[PDB]
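Have a look at the structure below, then the notes.
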Amino acid sequence: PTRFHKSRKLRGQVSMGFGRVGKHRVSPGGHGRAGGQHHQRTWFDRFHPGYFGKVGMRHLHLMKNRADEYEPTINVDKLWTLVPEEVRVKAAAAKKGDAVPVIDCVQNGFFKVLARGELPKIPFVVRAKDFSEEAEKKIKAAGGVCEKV
Amino acid sequence: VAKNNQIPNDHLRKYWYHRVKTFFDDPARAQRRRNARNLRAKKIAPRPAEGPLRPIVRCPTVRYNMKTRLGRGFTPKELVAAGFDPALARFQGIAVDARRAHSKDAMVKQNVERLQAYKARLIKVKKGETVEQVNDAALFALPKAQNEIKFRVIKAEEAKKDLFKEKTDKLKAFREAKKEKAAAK
Amino acid sequence: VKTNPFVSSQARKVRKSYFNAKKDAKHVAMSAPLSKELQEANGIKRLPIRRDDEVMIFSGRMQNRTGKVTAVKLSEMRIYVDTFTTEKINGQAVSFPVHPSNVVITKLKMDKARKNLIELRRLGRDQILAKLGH
RNA sequence: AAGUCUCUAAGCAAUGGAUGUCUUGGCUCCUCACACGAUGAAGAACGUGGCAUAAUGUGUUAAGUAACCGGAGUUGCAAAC
RNA sequence: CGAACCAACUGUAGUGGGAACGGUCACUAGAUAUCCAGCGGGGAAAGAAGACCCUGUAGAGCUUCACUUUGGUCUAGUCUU
RNA sequence: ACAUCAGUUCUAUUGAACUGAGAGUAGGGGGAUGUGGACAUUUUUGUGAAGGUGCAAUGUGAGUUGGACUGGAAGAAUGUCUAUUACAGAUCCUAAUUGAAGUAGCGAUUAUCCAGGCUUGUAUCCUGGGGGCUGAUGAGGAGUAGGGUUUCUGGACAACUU
RNA sequence: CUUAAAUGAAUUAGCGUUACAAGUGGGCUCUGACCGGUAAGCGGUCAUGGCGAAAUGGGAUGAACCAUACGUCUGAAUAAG
RNA sequence: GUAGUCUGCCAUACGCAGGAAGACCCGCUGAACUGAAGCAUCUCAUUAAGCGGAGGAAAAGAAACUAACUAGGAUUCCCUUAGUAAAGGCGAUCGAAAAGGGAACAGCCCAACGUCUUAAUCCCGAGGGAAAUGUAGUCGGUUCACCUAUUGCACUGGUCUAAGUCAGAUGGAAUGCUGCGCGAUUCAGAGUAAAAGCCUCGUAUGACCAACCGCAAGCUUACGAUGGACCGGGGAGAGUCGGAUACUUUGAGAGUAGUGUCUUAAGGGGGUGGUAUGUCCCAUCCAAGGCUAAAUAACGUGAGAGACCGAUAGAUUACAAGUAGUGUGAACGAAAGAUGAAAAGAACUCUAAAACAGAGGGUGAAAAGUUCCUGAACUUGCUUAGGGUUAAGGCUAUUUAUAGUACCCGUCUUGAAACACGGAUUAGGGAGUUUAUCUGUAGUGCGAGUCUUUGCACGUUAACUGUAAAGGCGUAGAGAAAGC
């Protein structure tokens, strides 16, 4: 607060840490983003290149609850994080038979699946909307199923 | 503009400083709300204050298909199935909504069972007497959605499928359809 | 500590209400204890003072004299008394004001309202001491 | 090389209203209310009290009167009750 | 009886250097002080943030072959028909 | 010889021994003093609080402290918190006050003089008598507009009528 | 992977890297070199130094020249002179 | 000629309108300073001023609505979406909505059309009048189910409350100082000649006895009301929607909304689905009439709290202030608080022409003696002590009047003692602060998580405490985009 400021120690000093010859004044450059193509261009060119101009295709009436914009992603390395850890320990000790647990991505808010890392060799079933090529490949290789919705 | 900071984006060019709205009301506002709903529940007695009863209802868009919330009111179809009088059921403490008619068969079976649990232990005050105001947040509140696993048996018709070749060669079939009509004309 | 919100505990507000009270409250604010001869008789400690009765001050220039009340004053907030007089430099006695809370009441004169006040506070003091249990 | 002059200091004063201490006044925030008027409002003027110019009451019933509710002198002098 | 302007502190000169025209600096010449009436050499005396000149991406008055327009006038179409 | 700021050798608990350096505008960093109010903790005060005036210490310094006189009721310390928080300047603001200065000056309007009255006190207020002025568009007698009791009698001189 | 042989100029010295931010964007000048000019305490450049922000001593006096760049004191012997 | 109607004007009976206030609210009208480092579109802003009109709240409001789903379901407001989609000399800048979470939650009825009801309706108080140029009422019929009485508005004062004026010294006065008691559902606060749990008012807390105890609306047991199914039906707002064009307006982009001009539909059909245009499907609603509480707003007016100010502050105003006072006028607008516990406010005498002015003498603890507490500085008077041809002051050194030294501060400047500007003296005021969106460093807590706030539940109540679910940022990016 007001005690700890540098302004408080600069009593006596006549300019308060702002120069004699220049004189600290309200409008040096011009207001806000002004002179971006003229006299403050060096700042724009140096720090924020590509600022000026128009690119892309105009999108009218964009909504983000559509299943065109809205795809949350999850990765193959996990999935097992969605289920609690007592489940998959029982699923490890099993024959080629029955009781293969369904990891529902869509309940938890994850539509697509994306293979960035490994799995174990447990059987399981991924219910999701979509997959990648390599994510579908890795789930087969572990020994499990790729359901669509 | 100076240094490495991001472009100066402050929406403060209008005279905002005349149109200020400070919220020092908030805890006094809380009591004006709170003292109203106590002066309600005494006047409403012997009827239950947490009511009126409202339906369970699925939310619309793709990213809330999971969740289920409280609606506005039950349909005239759902009341008559449960055993109620559509017009009179407003005054029995059940909210009614004539408009909604996109609710499919699964969510009707909830809301019929919801009204039956109400109509099972609704009772009526006679003439002279007075009855104790039985509050019950368990009945009116929605049941929380959860599923644990639903583990199931493996098909052994999985390696038959490959989804990615089914996806891509539907698109590559569609691409050649347009390019034939463009080329031939 | 006070629970009632509508009474104020700021010193500005209390002084302003005190000095600019209504007439009925100011008579109650001007009051004094009885002497122990009258306490056993009437069964009350504290009473408001009138122009009938007489009063006796410990500690002062005018130490330990009885004398009747010539005038109560509610704006000036003090009591004139018989006997309590210094002369001027001119040969002229002037009565000298004293605040009643320094003073003990030695004799009292009845009024319908004064008897009706006393019979209330006697019955009140019997209830409260039975409640506290002394 | 003279001084009652001029310059400096201290003590006691004159002038002036700083400092310090006081506070029936503000400022803000929250709460409750808005039920003014042809049944003459808001605003203006002038009257009227024993000594009353301003303000406040009040309108030839003019610091008030009647009724109900409080219940004993709410201030200088004078007078009455 | 009884004001005001103005006032950094001040109030003798010469040369020297110095923001290049010193009351204060250095080196010299002078001097005892305090008053009166005159007086206009000096205090680059006082009165006005220079009305001249220039600056400003500052104005205003006026002009037109500057750039934009708005109105007025003329002409056409439609309605009243 | 002493102080400060670095560093080197060591050191638990904040230190030791020793070596080196010294300008500073614009400007930056570190530690410290003081002021209005707050929350704890601890006190002082009618055997005289704050404040104020002089004097003696003390700190490199911003400051702090003692005792004397004055005053007559509240003040201060330690640790954290907070700010309408420290002035010689702004042709600064408000309030009071100097020199210049007992100086500049007391104008314009006919002209005053002598004896009495009233008084502590008159050239001035009144009486009497000289000498004058205004010299019918007159400081004569009366009215619009405007002023609003300035009209009249009695008493009064703190101020005003150079 | 490994077969041989060494730390193979002087003098000095720890070196490397990142982040955030102030003031500044009117300069002046000694000695030499130089462009324009009759020349200027003139205008425009170059190299090291100085002033600006640097006291003290010396050149009587001086921002810039000479000696030298500074804690508070007490001595000794010097520099420019 | 008289007897109905139609149209117009006049007179009269009975209640209504106007004016005030205008912070908030509703409808119009409408700037510029400013920013863009110029300026004209743009921005400030659909803002200020102006005109018109409401209420304690107003306005909005019961789908010609969203959406594309595992579907929502009137209006209003808060959080988020989002500084995003979009707009923009694509510059400056500007900028929404659905969904999701929460507060609150309430629906109703004219028109016409039921091709029925003998106006079955309403006002006036025995009968007159309005109304057929249209008031009033449930579409008709069978048959099972079922409901039965409460709901708005209105609500009043008074009485009573614990424990030391303890003892001693000081003092004008004791509440302070030393020592011993007692109260507490009351140690909030104030008054009292001085600092008070126990001197007084109160505070606290339950007990006590009077005043009321009614206004409308609806009831009240069945062919009375309501609903489901089946049978047989009627209709649903025209210079209006819409179109072209012009202007204003918007995030709305080959038009978001409004308005002028001209033009103008359909009703087994029409609107909407954010790129103009025709065209084929699917989905979803039915415009052009009306009423409606609650959550919400509040720079006006009237009537507890504080880490705020303490008389040059705080409101212009602590006081006979919107006063004194100024201007033809619209308008403008000060200064000014404190005697003492209590007036005990200074009798009487002396000098004097004397309500001139003192001097004695008194009041009070102390003159504190009347814009009187404290009474600083500048300036002045008296007394005491020294210096003086060097304008004065400063610093260093001592035997204290000498020696040496010493240009006037602040300021722009390459350069100020300058004949550069500011500065007569003194006191008191007097200038890098705060908000939003971010940047980086350091501290702190948790950590693939984290934030608990919009709000609800608590409370010794704006705090603190507890907690459900969303949401924010992070966890995956590149591309104009499709797809990845």
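We label chains A, B, ... in the order they appear in the structure tokens, count residues from 1 in each chain, and number ligands from 1 in the order shown.
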DSSP says strand (DSSP E) for which residues of chain B? Put them as an mmCIF file with N, CA and C atoms, in the first residue's frame?
```cif
data_model
loop_
_atom_site.group_PDB
_atom_site.id
_atom_site.type_symbol
_atom_site.label_atom_id
_atom_site.label_comp_id
_atom_site.auth_asym_id
_atom_site.auth_seq_id
_atom_site.Cartn_x
_atom_site.Cartn_y
_atom_site.Cartn_z
ATOM 1 N N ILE B 56 -38.443 -33.888 -13.958
ATOM 2 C CA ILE B 56 -37.066 -34.107 -14.408
ATOM 3 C C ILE B 56 -37.038 -34.078 -15.936
ATOM 4 N N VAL B 57 -36.007 -33.442 -16.487
ATOM 5 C CA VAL B 57 -36.008 -32.957 -17.868
ATOM 6 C C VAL B 57 -34.567 -32.946 -18.393
ATOM 7 N N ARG B 58 -34.355 -33.518 -19.579
ATOM 8 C CA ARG B 58 -33.028 -33.555 -20.205
ATOM 9 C C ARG B 58 -32.722 -32.231 -20.894
ATOM 10 N N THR B 68 -29.350 -33.924 -16.387
ATOM 11 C CA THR B 68 -30.798 -33.816 -16.232
ATOM 12 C C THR B 68 -31.107 -32.800 -15.137
ATOM 13 N N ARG B 69 -32.044 -31.894 -15.410
ATOM 14 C CA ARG B 69 -32.363 -30.790 -14.499
ATOM 15 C C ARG B 69 -33.862 -30.722 -14.213
ATOM 16 N N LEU B 70 -34.250 -29.776 -13.360
ATOM 17 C CA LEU B 70 -35.659 -29.462 -13.128
ATOM 18 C C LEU B 70 -36.232 -28.651 -14.291
#
```
Stretch 68-71 of chain D: which residues within 10 Å, counting only C-alpha atoms (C1' of nucleotides), same-chain residues fewer than 2 positions away excluded, as a PDB file with C-alpha atoms, in the first residue's frame?
```pdb
ATOM      1  CA  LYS C  23     -40.678  16.861  28.309  1.00  0.00           C
ATOM      2  CA  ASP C  24     -41.805  13.560  29.895  1.00  0.00           C
ATOM      3  CA  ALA C 113     -49.481  10.431  40.037  1.00  0.00           C
TER       4      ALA C 113
END
```
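If you count only C-alpha atoms (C1' of nucleotides) and ignore residues fewer than 3 places along the chain from stretch 30-39 of chain B, what sits within 9 Å of it is residues 25, 26, 27, 42, 43, 44 and 49 of chain B; 103 and 295 of chain H.
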Can you spit out the residues from that selection as a PDB file, in the first residue's frame, using N, CA, C and O atoms (P, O5', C5', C4', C3', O3' and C1' of nucleotides)?
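The result, written out as selection.pdb:
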```
ATOM      1  N   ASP B  25     -24.995  -3.690  -1.410  1.00  0.00           N
ATOM      2  CA  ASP B  25     -26.308  -4.241  -1.045  1.00  0.00           C
ATOM      3  C   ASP B  25     -26.275  -5.730  -0.673  1.00  0.00           C
ATOM      4  O   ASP B  25     -27.083  -6.166   0.144  1.00  0.00           O
ATOM      5  N   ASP B  26     -25.345  -6.492  -1.256  1.00  0.00           N
ATOM      6  CA  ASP B  26     -25.451  -7.965  -1.376  1.00  0.00           C
ATOM      7  C   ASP B  26     -25.849  -8.761  -0.117  1.00  0.00           C
ATOM      8  O   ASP B  26     -26.708  -9.642  -0.207  1.00  0.00           O
ATOM      9  N   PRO B  27     -25.228  -8.472   1.046  1.00  0.00           N
ATOM     10  CA  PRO B  27     -25.637  -9.190   2.261  1.00  0.00           C
ATOM     11  C   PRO B  27     -26.954  -8.691   2.878  1.00  0.00           C
ATOM     12  O   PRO B  27     -27.645  -9.467   3.538  1.00  0.00           O
ATOM     13  N   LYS B  42     -44.823 -19.451   6.387  1.00  0.00           N
ATOM     14  CA  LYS B  42     -45.869 -19.329   7.408  1.00  0.00           C
ATOM     15  C   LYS B  42     -47.264 -19.157   6.797  1.00  0.00           C
ATOM     16  O   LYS B  42     -48.213 -19.819   7.222  1.00  0.00           O
ATOM     17  N   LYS B  43     -47.382 -18.267   5.812  1.00  0.00           N
ATOM     18  CA  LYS B  43     -48.654 -18.039   5.107  1.00  0.00           C
ATOM     19  C   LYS B  43     -49.103 -19.220   4.240  1.00  0.00           C
ATOM     20  O   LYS B  43     -50.304 -19.459   4.094  1.00  0.00           O
ATOM     21  N   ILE B  44     -48.143 -19.950   3.672  1.00  0.00           N
ATOM     22  CA  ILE B  44     -48.431 -21.119   2.827  1.00  0.00           C
ATOM     23  C   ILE B  44     -48.897 -22.335   3.651  1.00  0.00           C
ATOM     24  O   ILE B  44     -49.578 -23.213   3.113  1.00  0.00           O
ATOM     25  N   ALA B  49     -43.337 -26.020   1.640  1.00  0.00           N
ATOM     26  CA  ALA B  49     -42.731 -24.770   1.164  1.00  0.00           C
ATOM     27  C   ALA B  49     -41.730 -24.975   0.024  1.00  0.00           C
ATOM     28  O   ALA B  49     -41.582 -24.101  -0.833  1.00  0.00           O
TER      29      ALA B  49
ATOM     30  P     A H 103     -32.157 -20.711  -6.422  1.00  0.00           P
ATOM     31  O5'   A H 103     -32.363 -19.133  -6.478  1.00  0.00           O
ATOM     32  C5'   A H 103     -32.087 -18.291  -5.343  1.00  0.00           C
ATOM     33  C4'   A H 103     -32.645 -16.905  -5.568  1.00  0.00           C
ATOM     34  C3'   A H 103     -34.164 -16.804  -5.637  1.00  0.00           C
ATOM     35  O3'   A H 103     -34.763 -16.769  -4.343  1.00  0.00           O
ATOM     36  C1'   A H 103     -33.193 -15.544  -7.399  1.00  0.00           C
ATOM     37  P     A H 295     -39.974  -8.351  -5.300  1.00  0.00           P
ATOM     38  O5'   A H 295     -38.577  -8.933  -5.795  1.00  0.00           O
ATOM     39  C5'   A H 295     -37.894  -9.967  -5.058  1.00  0.00           C
ATOM     40  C4'   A H 295     -37.069 -10.817  -5.995  1.00  0.00           C
ATOM     41  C3'   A H 295     -36.053 -10.070  -6.856  1.00  0.00           C
ATOM     42  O3'   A H 295     -34.798  -9.931  -6.186  1.00  0.00           O
ATOM     43  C1'   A H 295     -37.308 -11.609  -8.186  1.00  0.00           C
TER      44        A H 295
END
```
Could you list, as a list in words, every residue within 12 Å of residue B:159, counting only C-alpha atoms (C1' of nucleotides) and ignoring same-chain residues fewer than 6 positions away?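 Result of the neighbour search: residues 136, 137, 139, 140, 141, 143, 144, 145 and 146 of chain A.
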Please provide as a list in words all residues within 7 Å of stretch 117-133 of chain C, with the sequence filter that same-chain residues fewer than 3 positions apart are discarded (counting only C-alpha atoms (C1' of nucleotides)). residues 43, 44, 113 and 114 of chain C; 160 and 161 of chain H
Closest pair table for chain A residues within 6 Å of chain H, only C-alpha atoms (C1' of nucleotides), as JSON lines:
```
{"residue": "A:30", "atom": "CA", "partner": "H:37", "partner_atom": "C1'", "distance": 4.4}
{"residue": "A:56", "atom": "CA", "partner": "H:480", "partner_atom": "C1'", "distance": 3.8}
{"residue": "A:57", "atom": "CA", "partner": "H:480", "partner_atom": "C1'", "distance": 5.4}
{"residue": "A:61", "atom": "CA", "partner": "H:85", "partner_atom": "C1'", "distance": 5.9}
{"residue": "A:62", "atom": "CA", "partner": "H:85", "partner_atom": "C1'", "distance": 5.2}
```
Dump as a PDB file, in the first residue's frame, selection limited to N, CA, C and O atoms:
```
ATOM      1  N   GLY A  30       0.289   9.544 -28.080  1.00  0.00           N
ATOM      2  CA  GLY A  30      -1.081   9.419 -28.583  1.00  0.00           C
ATOM      3  C   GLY A  30      -1.766   8.205 -27.987  1.00  0.00           C
ATOM      4  O   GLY A  30      -1.105   7.285 -27.502  1.00  0.00           O
ATOM      5  N   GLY A  56      -8.492 -15.276 -43.387  1.00  0.00           N
ATOM      6  CA  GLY A  56      -9.537 -16.225 -43.078  1.00  0.00           C
ATOM      7  C   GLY A  56     -10.871 -16.064 -43.756  1.00  0.00           C
ATOM      8  O   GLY A  56     -11.054 -15.235 -44.632  1.00  0.00           O
ATOM      9  N   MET A  57     -11.807 -16.895 -43.322  1.00  0.00           N
ATOM     10  CA  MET A  57     -13.152 -16.942 -43.852  1.00  0.00           C
ATOM     11  C   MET A  57     -14.115 -16.533 -42.766  1.00  0.00           C
ATOM     12  O   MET A  57     -14.024 -17.011 -41.647  1.00  0.00           O
ATOM     13  N   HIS A  61     -22.822 -16.718 -37.128  1.00  0.00           N
ATOM     14  CA  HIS A  61     -23.633 -17.434 -36.133  1.00  0.00           C
ATOM     15  C   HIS A  61     -22.907 -18.679 -35.598  1.00  0.00           C
ATOM     16  O   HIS A  61     -23.432 -19.795 -35.638  1.00  0.00           O
ATOM     17  N   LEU A  62     -21.686 -18.465 -35.105  1.00  0.00           N
ATOM     18  CA  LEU A  62     -20.891 -19.531 -34.492  1.00  0.00           C
ATOM     19  C   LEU A  62     -21.483 -19.891 -33.139  1.00  0.00           C
ATOM     20  O   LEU A  62     -21.615 -19.025 -32.272  1.00  0.00           O
TER      21      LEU A  62
END
```
At a cut-off of 9 Å, which residues of chain A touch chain B? Count only C-alpha atoms and give the answer as a PyMOL selection string. chain A and resi 29-34+40+43-44+47-48+65-67+70+83+87+96-104+106-109+123-125+131-133+136+140+144-146+148
Tell me, as a list in words, which residues lie within 9 Å of stretch 26-39 of chain D, counting only C-alpha atoms (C1' of nucleotides); anything in the same chain fewer than 6 positions away does not count. residues 24, 25 and 28 of chain B; 19, 20, 21, 56, 301, 302, 303, 304, 305, 306, 308, 309, 314, 315, 318 and 462 of chain H
Any idea what's packed within 6 Å of stretch 104-114 of chain H, counting only C-alpha atoms (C1' of nucleotides), ignoring anything in its chain fewer than 4 positions away? Could you give it as a PDB file with C-alpha atoms (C1' of nucleotides), in the first residue's frame?
```
ATOM      1  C1'   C H 139     -69.744 -24.994 -29.257  1.00  0.00           C
ATOM      2  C1'   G H 234     -67.568 -23.014 -36.469  1.00  0.00           C
ATOM      3  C1'   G H 235     -63.681 -19.501 -36.541  1.00  0.00           C
ATOM      4  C1'   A H 294     -42.845 -11.774  -7.495  1.00  0.00           C
ATOM      5  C1'   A H 295     -37.308 -11.609  -8.186  1.00  0.00           C
TER       6        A H 295
END
```
As a list in words, please: every residue in stretch 26-124 of chain A that DSSP puts in helix (DSSP H, G or I). residues 41, 42, 43, 44, 45, 46, 47, 85, 86, 87, 88, 89, 90, 91, 92, 105, 106, 107 and 108 of chain A
Resulting file, chosen residues, C-alpha atoms, as a compact mmCIF listing (two decimals), in the first residue's frame:
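Here's the written file selection24.txt:
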```txt
# COMPACT_ATOMS: atom_id res chain seq x y z
CA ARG A 41 5.03 1.09 -35.93
CA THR A 42 8.34 -0.02 -34.59
CA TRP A 43 6.59 -1.26 -31.46
CA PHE A 44 3.97 -3.13 -33.49
CA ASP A 45 6.47 -4.54 -35.95
CA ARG A 46 8.88 -5.69 -33.28
CA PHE A 47 6.56 -7.21 -30.67
CA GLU A 85 -8.24 -48.14 -9.30
CA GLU A 86 -9.97 -51.12 -7.61
CA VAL A 87 -11.75 -51.94 -10.91
CA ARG A 88 -8.80 -52.51 -13.27
CA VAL A 89 -6.85 -54.58 -10.69
CA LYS A 90 -9.74 -57.09 -10.79
CA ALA A 91 -9.84 -56.74 -14.61
CA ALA A 92 -6.12 -57.66 -14.80
CA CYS A 105 -15.73 -41.25 -22.21
CA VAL A 106 -18.99 -39.57 -23.28
CA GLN A 107 -20.50 -39.39 -19.76
CA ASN A 108 -17.31 -37.65 -18.52
```
